[PDB]
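Peer 1: If it helps, the file is called protein-v3.txt and holds compact mmCIF, C-alpha atoms and all ligand atoms:
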```txt
# COMPACT_ATOMS: atom_id res chain seq x y z
CA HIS P 1 -22.30 7.85 -0.90
CA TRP P 2 -18.52 7.97 -1.42
CA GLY P 3 -17.32 7.78 -5.01
CA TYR P 4 -14.74 9.02 -7.49
CA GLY P 5 -16.26 12.32 -8.58
CA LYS P 6 -15.39 15.94 -7.73
CA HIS P 7 -17.89 16.19 -4.86
CA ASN P 8 -17.39 12.75 -3.38
CA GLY P 9 -13.99 11.48 -4.52
CA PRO P 10 -10.94 10.57 -2.47
CA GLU P 11 -10.34 14.05 -1.06
CA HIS P 12 -13.75 13.84 0.65
CA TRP P 13 -13.53 10.30 2.07
CA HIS P 14 -11.94 11.37 5.35
CA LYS P 15 -15.16 13.08 6.47
CA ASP P 16 -17.02 9.78 6.71
CA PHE P 17 -13.86 7.64 7.05
CA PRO P 18 -11.35 9.45 9.25
CA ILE P 19 -8.91 6.55 8.94
CA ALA P 20 -8.21 7.81 5.41
CA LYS P 21 -5.72 10.19 7.04
CA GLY P 22 -4.24 7.20 8.86
CA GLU P 23 -0.75 5.83 9.47
CA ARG P 24 -0.83 2.96 6.98
CA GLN P 25 -2.98 4.02 4.03
CA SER P 26 -2.76 2.66 0.46
CA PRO P 27 -1.86 3.03 -2.22
CA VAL P 28 1.62 4.53 -2.06
CA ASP P 29 4.43 5.47 -4.38
CA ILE P 30 7.09 2.77 -4.71
CA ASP P 31 10.48 4.47 -4.68
CA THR P 32 12.56 1.72 -6.23
CA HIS P 33 15.79 3.38 -5.05
CA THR P 34 14.68 3.34 -1.46
CA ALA P 35 13.08 -0.06 -1.19
CA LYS P 36 15.55 -2.57 0.22
CA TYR P 37 16.17 -6.15 -0.83
CA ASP P 38 15.10 -8.36 2.09
CA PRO P 39 16.88 -11.73 2.03
CA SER P 40 14.68 -12.98 4.83
CA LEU P 41 11.78 -13.01 2.36
CA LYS P 42 11.12 -16.67 1.46
CA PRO P 43 9.92 -17.57 -2.05
CA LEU P 44 6.43 -16.54 -3.09
CA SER P 45 3.89 -19.31 -3.63
CA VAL P 46 0.92 -18.68 -5.90
CA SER P 47 -1.15 -21.83 -6.05
CA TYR P 48 -4.17 -21.38 -8.26
CA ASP P 49 -4.44 -24.76 -10.05
CA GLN P 50 -7.71 -25.71 -8.31
CA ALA P 51 -9.28 -22.24 -8.41
CA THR P 52 -13.02 -22.04 -8.65
CA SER P 53 -14.60 -18.84 -9.96
CA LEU P 54 -18.35 -18.30 -9.68
CA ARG P 55 -19.51 -14.93 -10.87
CA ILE P 56 -18.69 -11.42 -12.00
CA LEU P 57 -20.32 -8.33 -10.54
CA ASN P 58 -20.51 -4.63 -11.33
CA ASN P 59 -20.69 -3.05 -7.90
CA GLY P 60 -20.67 0.57 -8.93
CA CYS P 61 -16.99 0.96 -8.02
CA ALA P 62 -15.41 -1.68 -10.21
CA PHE P 63 -16.18 -5.24 -11.35
CA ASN P 64 -15.36 -8.21 -9.14
CA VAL P 65 -14.65 -11.77 -10.18
CA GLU P 66 -15.66 -13.87 -7.15
CA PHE P 67 -14.26 -17.28 -6.19
CA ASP P 68 -15.39 -20.16 -4.02
CA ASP P 69 -13.28 -19.66 -0.89
CA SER P 70 -15.04 -22.30 1.20
CA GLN P 71 -11.89 -24.44 0.96
CA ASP P 72 -8.17 -23.96 0.20
CA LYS P 73 -8.62 -24.06 -3.59
CA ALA P 74 -6.59 -21.07 -4.78
CA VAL P 75 -4.05 -19.86 -2.26
CA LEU P 76 -1.20 -17.45 -1.67
CA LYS P 77 1.62 -18.50 0.65
CA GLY P 78 5.22 -17.57 1.39
CA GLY P 79 7.04 -14.33 0.70
CA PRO P 80 6.27 -12.03 3.62
CA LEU P 81 3.22 -14.05 4.62
CA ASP P 82 2.73 -16.35 7.60
CA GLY P 83 0.19 -19.05 6.81
CA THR P 84 -2.21 -19.44 3.93
CA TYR P 85 -4.37 -16.78 2.41
CA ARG P 86 -7.44 -17.66 0.36
CA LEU P 87 -8.44 -16.05 -2.93
CA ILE P 88 -11.87 -14.45 -2.51
CA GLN P 89 -11.99 -12.14 -5.51
CA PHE P 90 -10.16 -9.91 -7.93
CA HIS P 91 -10.87 -6.54 -9.47
CA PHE P 92 -9.14 -3.75 -11.36
CA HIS P 93 -8.69 0.00 -11.15
CA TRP P 94 -8.21 1.84 -14.44
CA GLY P 95 -8.18 5.22 -16.07
CA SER P 96 -9.80 7.40 -18.65
CA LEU P 97 -6.44 7.60 -20.47
CA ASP P 98 -3.57 5.07 -20.87
CA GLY P 99 -1.29 7.42 -18.88
CA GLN P 100 -3.21 6.88 -15.67
CA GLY P 101 -5.34 4.34 -13.84
CA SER P 102 -3.11 2.49 -11.40
CA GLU P 103 -3.20 3.16 -7.66
CA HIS P 104 0.35 2.24 -6.75
CA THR P 105 2.98 4.16 -8.68
CA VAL P 106 6.59 3.15 -9.41
CA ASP P 107 9.00 6.07 -9.12
CA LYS P 108 5.86 8.14 -9.67
CA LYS P 109 5.02 6.28 -12.88
CA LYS P 110 1.29 5.61 -13.28
CA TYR P 111 0.29 2.50 -15.25
CA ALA P 112 -2.87 2.10 -17.37
CA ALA P 113 -4.52 -0.12 -14.81
CA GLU P 114 -3.96 -2.21 -11.70
CA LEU P 115 -5.18 -5.71 -10.84
CA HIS P 116 -5.88 -6.58 -7.21
CA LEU P 117 -6.07 -10.27 -6.29
CA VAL P 118 -7.65 -10.19 -2.83
CA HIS P 119 -6.94 -12.98 -0.36
CA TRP P 120 -7.77 -13.56 3.30
CA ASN P 121 -5.90 -15.26 6.13
CA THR P 122 -7.55 -18.57 6.92
CA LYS P 123 -6.69 -18.32 10.60
CA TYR P 124 -9.43 -15.73 10.97
CA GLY P 125 -12.16 -17.96 9.51
CA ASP P 126 -13.93 -15.54 7.15
CA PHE P 127 -13.25 -12.29 5.23
CA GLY P 128 -15.32 -10.05 7.47
CA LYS P 129 -13.30 -11.05 10.51
CA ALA P 130 -10.03 -10.93 8.61
CA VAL P 131 -10.51 -7.26 7.65
CA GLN P 132 -10.53 -6.28 11.36
CA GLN P 133 -7.00 -7.71 11.78
CA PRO P 134 -3.70 -6.02 10.86
CA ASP P 135 -2.61 -9.18 9.07
CA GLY P 136 -6.03 -10.12 7.80
CA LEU P 137 -5.59 -9.68 4.07
CA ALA P 138 -3.02 -10.22 1.35
CA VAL P 139 -3.51 -8.42 -1.93
CA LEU P 140 -1.47 -9.27 -5.03
CA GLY P 141 -1.13 -6.17 -7.19
CA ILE P 142 -0.27 -6.51 -10.85
CA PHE P 143 0.19 -3.53 -13.15
CA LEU P 144 -1.32 -3.38 -16.63
CA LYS P 145 0.35 -1.62 -19.54
CA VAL P 146 -1.05 -1.16 -23.03
CA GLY P 147 0.64 -3.14 -25.77
CA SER P 148 -0.07 -6.69 -26.92
CA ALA P 149 -3.30 -8.40 -25.97
CA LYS P 150 -3.47 -10.60 -22.86
CA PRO P 151 -5.19 -13.81 -23.98
CA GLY P 152 -6.12 -14.88 -20.46
CA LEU P 153 -7.98 -11.63 -19.94
CA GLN P 154 -10.22 -11.94 -23.00
CA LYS P 155 -12.80 -14.09 -21.27
CA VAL P 156 -13.17 -11.26 -18.77
CA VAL P 157 -13.38 -8.59 -21.43
CA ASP P 158 -16.05 -10.42 -23.36
CA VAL P 159 -18.53 -10.78 -20.48
CA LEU P 160 -18.45 -7.10 -19.57
CA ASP P 161 -21.25 -6.29 -22.00
CA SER P 162 -23.56 -8.28 -19.76
CA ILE P 163 -22.69 -6.33 -16.59
CA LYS P 164 -22.66 -2.79 -17.89
CA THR P 165 -24.34 -1.03 -14.91
CA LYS P 166 -24.25 -1.05 -11.13
CA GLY P 167 -25.87 -4.12 -9.56
CA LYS P 168 -25.62 -6.43 -12.57
CA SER P 169 -23.90 -9.81 -12.29
CA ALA P 170 -23.20 -12.81 -14.55
CA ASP P 171 -22.09 -16.44 -14.28
CA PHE P 172 -18.32 -16.69 -14.53
CA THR P 173 -17.31 -20.30 -13.94
CA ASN P 174 -14.14 -22.06 -15.05
CA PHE P 175 -12.04 -18.88 -15.30
CA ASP P 176 -8.36 -19.47 -14.49
CA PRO P 177 -6.53 -16.53 -12.90
CA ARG P 178 -3.13 -18.01 -13.82
CA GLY P 179 -3.69 -16.41 -17.22
CA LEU P 180 -3.41 -12.97 -15.60
CA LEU P 181 0.09 -13.42 -14.10
CA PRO P 182 3.42 -12.26 -15.53
CA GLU P 183 6.43 -14.55 -16.03
CA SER P 184 8.28 -13.17 -13.08
CA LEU P 185 7.07 -13.16 -9.47
CA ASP P 186 9.57 -10.50 -8.27
CA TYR P 187 7.66 -8.12 -5.92
CA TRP P 188 7.72 -5.26 -3.45
CA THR P 189 5.85 -5.60 -0.13
CA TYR P 190 4.65 -3.17 2.54
CA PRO P 191 1.90 -2.96 5.20
CA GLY P 192 -1.16 -0.94 4.13
CA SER P 193 -4.92 -0.73 3.70
CA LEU P 194 -7.85 -1.31 1.37
CA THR P 195 -7.95 1.49 -1.20
CA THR P 196 -11.69 2.16 -0.94
CA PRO P 197 -13.91 2.87 2.09
CA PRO P 198 -13.87 1.55 4.77
CA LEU P 199 -10.11 1.88 4.06
CA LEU P 200 -9.28 -0.64 6.80
CA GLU P 201 -5.61 -0.99 7.64
CA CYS P 202 -5.58 -4.79 7.34
CA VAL P 203 -3.51 -5.47 4.27
CA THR P 204 -0.16 -6.95 3.43
CA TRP P 205 0.51 -5.61 -0.05
CA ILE P 206 2.46 -7.69 -2.60
CA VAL P 207 3.05 -5.74 -5.83
CA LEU P 208 4.68 -7.49 -8.78
CA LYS P 209 7.50 -5.62 -10.48
CA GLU P 210 6.66 -7.02 -13.92
CA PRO P 211 3.53 -5.60 -15.54
CA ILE P 212 1.25 -7.60 -17.79
CA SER P 213 0.51 -6.25 -21.26
CA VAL P 214 -3.08 -5.78 -22.42
CA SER P 215 -4.28 -4.32 -25.68
CA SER P 216 -5.86 -0.98 -26.35
CA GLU P 217 -9.04 -2.81 -27.32
CA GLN P 218 -9.15 -4.71 -24.03
CA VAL P 219 -8.88 -1.64 -21.77
CA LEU P 220 -11.28 0.32 -23.96
CA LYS P 221 -13.89 -2.30 -23.07
CA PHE P 222 -13.25 -1.66 -19.35
CA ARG P 223 -13.93 2.02 -20.06
CA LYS P 224 -17.40 1.24 -21.46
CA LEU P 225 -18.72 0.05 -18.14
CA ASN P 226 -20.99 2.31 -16.08
CA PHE P 227 -20.91 3.60 -12.50
CA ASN P 228 -24.65 4.23 -12.59
CA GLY P 229 -27.47 1.71 -12.34
CA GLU P 230 -29.77 0.79 -15.22
CA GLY P 231 -32.04 3.53 -16.52
CA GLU P 232 -29.93 6.20 -14.79
CA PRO P 233 -27.90 8.84 -16.71
CA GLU P 234 -24.68 7.38 -18.04
CA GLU P 235 -21.48 8.05 -16.13
CA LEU P 236 -18.61 6.04 -17.57
CA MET P 237 -16.77 3.83 -15.14
CA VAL P 238 -13.35 5.41 -15.50
CA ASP P 239 -10.64 6.65 -13.17
CA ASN P 240 -11.83 4.56 -10.25
CA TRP P 241 -8.41 4.85 -8.62
CA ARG P 242 -7.27 6.42 -5.38
CA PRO P 243 -4.04 8.37 -5.52
CA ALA P 244 -0.83 7.78 -3.61
CA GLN P 245 -0.95 8.33 0.14
CA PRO P 246 1.81 9.32 2.58
CA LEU P 247 4.19 6.46 3.34
CA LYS P 248 4.83 7.88 6.80
CA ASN P 249 6.42 5.28 9.13
CA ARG P 250 6.77 2.40 6.63
CA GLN P 251 9.47 0.55 4.73
CA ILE P 252 8.96 -1.10 1.36
CA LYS P 253 10.93 -4.36 1.01
CA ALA P 254 12.00 -5.92 -2.33
CA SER P 255 12.14 -9.65 -3.04
CA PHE P 256 14.89 -9.15 -5.60
CA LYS P 257 18.37 -7.68 -5.63
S1 LIG I 301 -18.78 -0.36 -4.62
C1 LIG I 301 -17.85 -0.74 -3.09
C2 LIG I 301 -16.69 -1.72 -3.43
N1 LIG I 301 -16.09 -2.28 -2.23
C3 LIG I 301 -16.37 -3.54 -1.84
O1 LIG I 301 -16.18 -4.53 -2.61
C4 LIG I 301 -16.28 -3.78 -0.35
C5 LIG I 301 -15.36 -4.89 0.21
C6 LIG I 301 -15.39 -4.98 1.76
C7 LIG I 301 -14.51 -4.27 2.59
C8 LIG I 301 -14.64 -4.36 3.98
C9 LIG I 301 -15.62 -5.18 4.55
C10 LIG I 301 -16.50 -5.89 3.72
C11 LIG I 301 -16.38 -5.78 2.33
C12 LIG I 301 -13.94 -4.90 -0.35
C13 LIG I 301 -13.28 -3.71 -0.69
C14 LIG I 301 -11.98 -3.71 -1.22
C15 LIG I 301 -11.30 -4.92 -1.41
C16 LIG I 301 -11.94 -6.10 -1.04
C17 LIG I 301 -13.23 -6.10 -0.52
ZN ZN I 302 -8.50 -2.62 -5.40
```
If you took the structure in this file and wrote it as structure tokens, what would it be?
Ligand SMILES: *SCCNC(=O)CC(c1ccccc1)c1ccccc1
Ligand SMILES: [Zn+2]

Peer 2:
Amino acid sequence: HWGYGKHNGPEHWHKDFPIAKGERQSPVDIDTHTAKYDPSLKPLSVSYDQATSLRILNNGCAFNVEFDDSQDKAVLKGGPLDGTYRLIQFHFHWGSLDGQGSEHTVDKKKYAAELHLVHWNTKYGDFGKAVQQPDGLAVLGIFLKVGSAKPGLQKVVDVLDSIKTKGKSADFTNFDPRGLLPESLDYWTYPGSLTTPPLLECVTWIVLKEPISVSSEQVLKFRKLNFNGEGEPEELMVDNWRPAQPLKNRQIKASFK
């Protein structure tokens, strides 16, 4: 029932999901002049060399690339995190225009899109249990800007034709998410939530400072997806992003000076 339109978008979510007006909601604006370098933060470890993707799905909200998380194949460790967090999936949020689309902002700047690499804490055994824990998830957020094409994204872009509408999925094996990372692993980190209902406050956010560049043609293909299901009237999948929420009683820490 919730969505991203005028009668059911983010300003309405609180009626079915009162936690939307919560104490640690995401996304937020990242005030780079207020975030503090934290020297306690240990180095970030992104270990994706044995990653195993399975499938890509249009769920009506975005598209997810799903991974085999039955073992420690692609994991996130270090930084602010205690323990190992398993890659379960990734997705994007993007806009109708290159001037908007990200969820997090940097000094109020909106990027063209935002990549979320979603990982869960292995100490809680599965994702569904992890989301009911304040330290259950770790999401790696990577901003997208429009410029030169991102070669590691092209495999993703090409399959989208086969998952145009809500409920469609396709085989997506042997995709390597290392091709979606920037050079630098400099990040900001804060405690927050999922950015769609149920909006659970179970996330440790890790947002890379360095955006990746994608081409105009690549993001235009994202914009051709549909929110609707097959044989329903076309509603382009665009602007599936939730805006910045109140930081309230939280501190954003930086991994770099
Ligand atoms: S079209 C709805 C899209 N959202 C889902 O993928 C739901 C999913 C979730 C959350 C809480 C419990 C079970 C499943 C999810 C949402 C955001 C990030 C990761 C997973
Ligand atoms: Zn997301």

Peer 1: Need the shell around segment 155-158 of chain P: protein/DNA/RNA residues with any atom at most 12 Å away, counting all atoms listed in the file. Skip same-chain ones fewer than 4 positions apart. Format as a PDB file with C-alpha atoms, in the frame of the given file?

Peer 2:
```
ATOM      1  CA  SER P  53     -14.600 -18.840  -9.960  1.00  0.00           C
ATOM      2  CA  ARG P  55     -19.510 -14.930 -10.870  1.00  0.00           C
ATOM      3  CA  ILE P  56     -18.690 -11.420 -12.000  1.00  0.00           C
ATOM      4  CA  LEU P  57     -20.320  -8.330 -10.540  1.00  0.00           C
ATOM      5  CA  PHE P  63     -16.180  -5.240 -11.350  1.00  0.00           C
ATOM      6  CA  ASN P  64     -15.360  -8.210  -9.140  1.00  0.00           C
ATOM      7  CA  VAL P  65     -14.650 -11.770 -10.180  1.00  0.00           C
ATOM      8  CA  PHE P  90     -10.160  -9.910  -7.930  1.00  0.00           C
ATOM      9  CA  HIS P  91     -10.870  -6.540  -9.470  1.00  0.00           C
ATOM     10  CA  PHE P  92      -9.140  -3.750 -11.360  1.00  0.00           C
ATOM     11  CA  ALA P 149      -3.300  -8.400 -25.970  1.00  0.00           C
ATOM     12  CA  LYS P 150      -3.470 -10.600 -22.860  1.00  0.00           C
ATOM     13  CA  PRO P 151      -5.190 -13.810 -23.980  1.00  0.00           C
ATOM     14  CA  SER P 162     -23.560  -8.280 -19.760  1.00  0.00           C
ATOM     15  CA  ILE P 163     -22.690  -6.330 -16.590  1.00  0.00           C
ATOM     16  CA  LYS P 164     -22.660  -2.790 -17.890  1.00  0.00           C
ATOM     17  CA  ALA P 170     -23.200 -12.810 -14.550  1.00  0.00           C
ATOM     18  CA  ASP P 171     -22.090 -16.440 -14.280  1.00  0.00           C
ATOM     19  CA  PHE P 172     -18.320 -16.690 -14.530  1.00  0.00           C
ATOM     20  CA  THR P 173     -17.310 -20.300 -13.940  1.00  0.00           C
ATOM     21  CA  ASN P 174     -14.140 -22.060 -15.050  1.00  0.00           C
ATOM     22  CA  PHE P 175     -12.040 -18.880 -15.300  1.00  0.00           C
ATOM     23  CA  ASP P 176      -8.360 -19.470 -14.490  1.00  0.00           C
ATOM     24  CA  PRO P 177      -6.530 -16.530 -12.900  1.00  0.00           C
ATOM     25  CA  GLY P 179      -3.690 -16.410 -17.220  1.00  0.00           C
ATOM     26  CA  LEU P 180      -3.410 -12.970 -15.600  1.00  0.00           C
ATOM     27  CA  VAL P 214      -3.080  -5.780 -22.420  1.00  0.00           C
ATOM     28  CA  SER P 215      -4.280  -4.320 -25.680  1.00  0.00           C
ATOM     29  CA  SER P 216      -5.860  -0.980 -26.350  1.00  0.00           C
ATOM     30  CA  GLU P 217      -9.040  -2.810 -27.320  1.00  0.00           C
ATOM     31  CA  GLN P 218      -9.150  -4.710 -24.030  1.00  0.00           C
ATOM     32  CA  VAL P 219      -8.880  -1.640 -21.770  1.00  0.00           C
ATOM     33  CA  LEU P 220     -11.280   0.320 -23.960  1.00  0.00           C
ATOM     34  CA  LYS P 221     -13.890  -2.300 -23.070  1.00  0.00           C
ATOM     35  CA  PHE P 222     -13.250  -1.660 -19.350  1.00  0.00           C
ATOM     36  CA  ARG P 223     -13.930   2.020 -20.060  1.00  0.00           C
ATOM     37  CA  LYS P 224     -17.400   1.240 -21.460  1.00  0.00           C
ATOM     38  CA  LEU P 225     -18.720   0.050 -18.140  1.00  0.00           C
TER      39      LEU P 225
END
```

Peer 1: Pick out the closest residue to residue 136 of chain P from this set: P:200, P:181, P:117, P:212. Count only C-alpha atoms.

Peer 2: P:200

Peer 1: Could you please determine the separation between atom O1 of ligand LIG 301 (chain I) and atom CA of residue 100 of chain P in Å, to one decimal place?

Peer 2: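 So the answer is 21.7 Å.
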
Peer 1: Give me, as CSV, the closest atom pair and its distance (Å, one decimal) for every residue of chain P within a cut-off of 8 Å of ligand LIG 301 (chain I), counting only C-alpha atoms and all ligand atoms, rows sorted by chain and rising number.

Peer 2:
```
residue,atom,partner,partner_atom,distance
P:59,CA,I:LIG301,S1,4.7
P:60,CA,I:LIG301,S1,4.8
P:61,CA,I:LIG301,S1,4.1
P:62,CA,I:LIG301,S1,6.7
P:64,CA,I:LIG301,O1,7.5
P:89,CA,I:LIG301,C16,7.5
P:118,CA,I:LIG301,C16,6.2
P:127,CA,I:LIG301,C10,7.3
P:128,CA,I:LIG301,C9,5.7
P:131,CA,I:LIG301,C8,6.2
P:194,CA,I:LIG301,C14,5.4
P:195,CA,I:LIG301,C14,6.6
P:196,CA,I:LIG301,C14,5.9
P:197,CA,I:LIG301,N1,7.1
P:198,CA,I:LIG301,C8,6.0
P:199,CA,I:LIG301,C7,7.7
P:200,CA,I:LIG301,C8,7.1
```

Peer 1: Between atom CA of residue 32 of chain P and atom CA of residue 253 of chain P, what distance in Å does the model show, to one decimal?

Peer 2: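 According to the coordinates, atom CA of residue 32 of chain P and atom CA of residue 253 of chain P are separated by 9.6 Å.
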